[PDB]
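Comments concern the structure below.
Only this structure's heavy atoms are used, side chains among them; waters, hydrogens and symmetry mates stay out. Proteins come first, then strands; the chains are lettered A, B, ... in the order of their sequence lines, and each starts at number 1.
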Amino acid sequence: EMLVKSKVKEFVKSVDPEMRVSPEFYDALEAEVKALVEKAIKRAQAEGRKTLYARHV
Amino acid sequence: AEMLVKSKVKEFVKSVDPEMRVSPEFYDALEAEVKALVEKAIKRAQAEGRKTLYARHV
Amino acid sequence: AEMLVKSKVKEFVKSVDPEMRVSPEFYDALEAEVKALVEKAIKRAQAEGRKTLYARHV
Amino acid sequence: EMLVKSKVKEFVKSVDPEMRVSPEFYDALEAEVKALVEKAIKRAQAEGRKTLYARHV
């Protein structure tokens, strides 16, 4: 798990004070973060690079 | 605030590509993209008139 | 099959960066990502039990 | 406009024959495609490239 659920909840509250987070949202968000990192790695590999940069995200 | 655990991101990267190193600013860029995903999810829920984020809003 | 007009993609790129050129493979990759965005929007609508795509599904 | 709305409609039908498309969906999809291309351009610029590749998408 790459996410801190309490910090996701706190961030959501900072955007919309009335917005709550379902337990299944955290799981779906975690899967999307994994997908972002896997895509970043594929961009770096396509370049022949062994370093991930901001521009690969 | 910061939603990601950088050590867990590093561990995940290693699980995909053992030889891949991570430039420090990648963690910050990944954090910004996760914030962007959550802000978009909030806009989807608000457009529906919901006060709860569901998996389908992501 | 193709949702994009390649000449219009090229024109848009030039409007953002006049010096930026477009490889043929970029158009194909962009087309695949647009299909992926629409498939994601369809899954959001289906999860909600809607039979219409709205702006908020994108 | 980069998208052909009739082709978007045809693609939606190919995925889900019962799914209808609101007029506002086409406009929202067009805005998201502009955002994808702007992000791709920023990735290429960050790399110091003057050509867009598949890996920039």
Side-chain angles (χ1 to χ4, degrees), chain A residues 2-3 29-33 35-49 51-57, chain B residues 3-40 58, chain C residues 1 3-9 12-13 15-39, chain D residues 2 31-38 40-41 43-57:
Chain A
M2 285 175 280
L3 288 168
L29 182 62
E30 181 72 40
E32 287 306 298
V33 176
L36 284 174
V37 173
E38 289 163 349
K39 204 145 184 205
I41 292 171
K42 287 188 180 75
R43 293 197 181 95
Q45 286 173 342
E47 278 165 27
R49 289 184 171 275
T51 305
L52 288 177
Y53 295 116
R55 67 170 178 80
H56 293 135
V57 169
Chain B
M3 287 177 279
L4 291 173
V5 186
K6 291 186 185 191
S7 63
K8 289 299 212 169
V9 173
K10 191 180 184 292
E11 173 193 293
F12 181 69
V13 168
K14 170 157 180 279
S15 77
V16 179
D17 183 351
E19 309 284 299
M20 188 61 70
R21 296 177 317 297
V22 186
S23 203
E25 83 289 350
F26 172 92
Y27 292 108
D28 304 330
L30 181 63
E31 179 72 42
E33 197 34 46
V34 175
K35 285 185 169 74
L37 284 176
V38 171
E39 285 185 276
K40 212 152 221 163
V58 88
Chain C
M3 287 178 278
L4 291 168
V5 185
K6 292 187 183 168
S7 61
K8 291 299 192 177
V9 173
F12 180 69
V13 167
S15 77
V16 178
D17 181 351
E19 307 226 62
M20 189 62 72
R21 290 185 164 67
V22 187
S23 68
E25 71 169 31
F26 175 83
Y27 296 111
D28 295 337
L30 181 64
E31 180 71 41
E33 197 34 47
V34 176
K35 285 185 173 73
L37 284 176
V38 173
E39 287 186 279
Chain D
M2 286 177 278
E32 206 71 80
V33 174
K34 284 188 174 72
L36 283 179
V37 173
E38 286 184 277
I41 292 170
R43 290 199 185 92
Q45 286 172 343
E47 194 182 342
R49 300 305 287 246
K50 287 145 182 87
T51 310
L52 289 176
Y53 296 114
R55 64 192 170 67
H56 293 134
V57 168

Self-check item: Interatomic spacing from CG in A:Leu36 to CG in B:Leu37 - rounded to 0.5 Å
Solution: 5.5 Å

Quiz item: For A:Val37 and B:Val13, which heavy atoms make the closest approach, and how far apart are they?
Solution: CG1-CG2, 3.8 Å

Exercise. For residues B:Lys6 and B:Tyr27, report the shortest heavy-atom separation together with the two atoms involved.
Key: O-CE2, 3.4 Å

Exercise. Taking the side chain as every heavy atom from C-beta outward, state whether B:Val34 and A:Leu3 have any atom pair closer than 4.5 Å.
Key: yes

Quiz prompt | side chain to side chain contact (heavy atoms under 4.5 Å, CB included) against B:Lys40, all qualifying residues, sequence neighbours excluded | solution = B:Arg44, D:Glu32

Practice problem: Could you list the residues that satisfy side chain to side chain donor-acceptor pair (under 3.5 Å) with B:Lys10, not counting sequence neighbours? | Solution: none

Self-check item: Salt-bridge present (C:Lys35, C:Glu31; N to O < 4.0 Å)
Solution: yes

Exercise. Carefully, step by step, assess D:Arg49 and D:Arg55 under the rule side-chain contact (heavy atoms from CB on, under 4.5 Å).
Key: CA-CA 12 Å; D:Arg49 300 305 287 246; D:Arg55 64 192 170 67; 3.6 Å; yes

Practice problem: Calculate, to the nearest 0.5 Å, the distance between atoms CD and OG belonging to A:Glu38 and B:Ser15 respectively. | Solution: 8.0 Å

Practice problem: Check side chain to side chain donor-acceptor pair (under 3.5 Å) between B:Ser23 and all other residues, then give those that pass, not counting sequence neighbours. | Solution: B:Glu25

Practice problem: Taking the side chain as every heavy atom from C-beta outward, state whether C:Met20 and D:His56 have any pair of such atoms under 4.5 Å apart. | Solution: no

Exercise. Assess the side chains of C:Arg21 and D:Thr51: does a donor N or O sit below 3.5 Å from an acceptor N or O?
Key: no

Quiz item: Can you check side-chain contact (heavy atoms from CB on, under 4.5 Å) on C:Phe26 and C:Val9, steps first, answer last?
Solution: CA-CA 10 Å; C:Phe26 175 83; C:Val9 173; 4.2 Å; yes

